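Asker: Counting in PDB author numbering, the first sequence runs from 1266 upward without gaps.
From the three backbone atoms N, C-alpha and C, an ideal C-beta is built for every residue, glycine too.
Below you'll find the structure I mean.
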Amino acid sequence: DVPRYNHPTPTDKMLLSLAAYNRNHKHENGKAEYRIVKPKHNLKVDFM
RNA sequence: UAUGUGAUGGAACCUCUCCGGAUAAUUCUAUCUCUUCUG
């Protein structure tokens, strides 16, 4: 079967590289920014 | 805690009346699970 163009998209690459397994706090407000990878199109396409 | 020439209290059955009863086949097929990234 043919594998479609999936991984070289910048969003998938930055999501996979950004592990952030530790440094997670379950209390108080978080300090994160919408660091979209060179993409400003619409909402819901971002990350913390 | 008595008071004295006079105490059958051994002088009285907690007795009598009332179905632990009623209802129930030890039986058996449809999913489960939510975040995917422009496609």
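1) Is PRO1275 near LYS1309, with beta carbons less than 9 Å apart?
2) Kindly indicate which three-state DSSP category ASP1311 falls into: helix, strand or coil?
3) For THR1276, name the three-state secondary structure that DSSP assigns.
4) Which residues in the same chain have their Cβ closer than 8 Å to the Cβ of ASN1287, if we skip the five residues on either side of it in sequence?
Answerer: Short version:
1) By the CB criterion at 9 Å, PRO1275 and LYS1309 fall outside the cutoff.
2) Correct three-state label for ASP1311: coil.
3) Secondary structure at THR1276: helix, using DSSP grouped into helix, strand and coil.
4) Non-local beta-carbon contacts of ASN1287 in its own chain, meaning distances under 8 Å to residues more than five positions away in sequence, are absent.
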